[PDB]
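**Q** This is the structure I have questions about; it appears just below.
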2 protein chains.
Amino acid sequence: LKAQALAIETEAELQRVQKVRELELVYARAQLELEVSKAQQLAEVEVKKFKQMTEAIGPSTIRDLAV
Amino acid sequence: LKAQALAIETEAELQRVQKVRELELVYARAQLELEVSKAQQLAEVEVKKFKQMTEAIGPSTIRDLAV
């Protein structure tokens with residue numbers, strides 16, 4: 001009888017855990033997509049700003065300005 | 001009689017453990033896929049940013065800028 005009850009409760013718990021974990025996986029995938037989008041956009045804007053500034057100041061000037 | 005009861009309970013526990021572990025393995029595989037996807041995307045974006053910046057600043061300037 002204990003084996004029967006254990007089987008029933010185990011199947012119920014496994015069903016619940018499977019649903020919860022699949023939902024969590026979908027949410028994590030969406031969060032990862034959002035994170036990588038934000039990271040790449042910020043990287044693009046900082047790279048553009050750096051290039052614009054180094055073009056405005058000139059590589060020749062920055063060659064000896066730091067020293 | 002103890003051997004009979006032990007066999008019954010052992011088979012029940014083995015069934016439950018097998019189901020739980022197969023579900024856990026599937027979930028772990030999905031999590032690994034998500035992790036490697038995020039890692040490769042972030043690596044791609046950081047590599048692209050590094051290349052863009054080192055192209056904007058010029059390798060000749062960076063040759064002696066650090067010194």
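All Cβ positions, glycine included, derive from the backbone under ideal geometry; neighbour counts span all protein chains shown. Read-outs throughout are calculated quantities, based only on the coordinates presented, and are distinct from any laboratory measurement.
**Q** Using a 7 Å offset from Cα along the direction of the beta-carbon, what are the separations from residue B:60 to the same position in each other copy, nm, ascending?
**A** 1.0
**Q** Turning to a different aspect of this structure: Any chance you could run the full-extension gain for residue B:5 through residue B:40? It's 0.36 nm times the residue separation minus the Cα-Cα distance, nm to one decimal. Could you put the intermediate results ahead of the total?
**A** Details: separation 35, 0.36 × 35 = 12.60 nm, distance 5.23 nm.
Extending this stretch completely gives an extra 7.4 nm.
**Q** Quick one: Karplus J couplings for region A:6-22, per residue in order, coefficients 6.51, -1.76, 1.60, θ = phi - 60°, nearest Hz, x for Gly and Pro?
**A** My calculation for region A:6-22 gives 4, 4, 4, 5, 5, 5, 5, 5, 5, 4, 4, 5, 4, 4, 4, 6, 5 Hz in order.
**Q** I need two numbers for chain B: Rg to one decimal and Dmax as a whole number, Cα atoms only, in Å.
**A** 27.5, 85
**Q** Nm distances between the label at residue A:30 and the same-position labels in the remaining copies, 7 Å along Cα→Cβ, shortest first?
**A** The answer, with the shortest distance listed first, is 1.4 nm.
**Q** Starting from the Cα of residue A:25, move 7 Å in the Cα-to-Cβ direction to define the label point; list residues of region B:24-66 whose amide nitrogen is under 19 Å from there.
**A** Within reach of a label on residue A:25: B:24-40.
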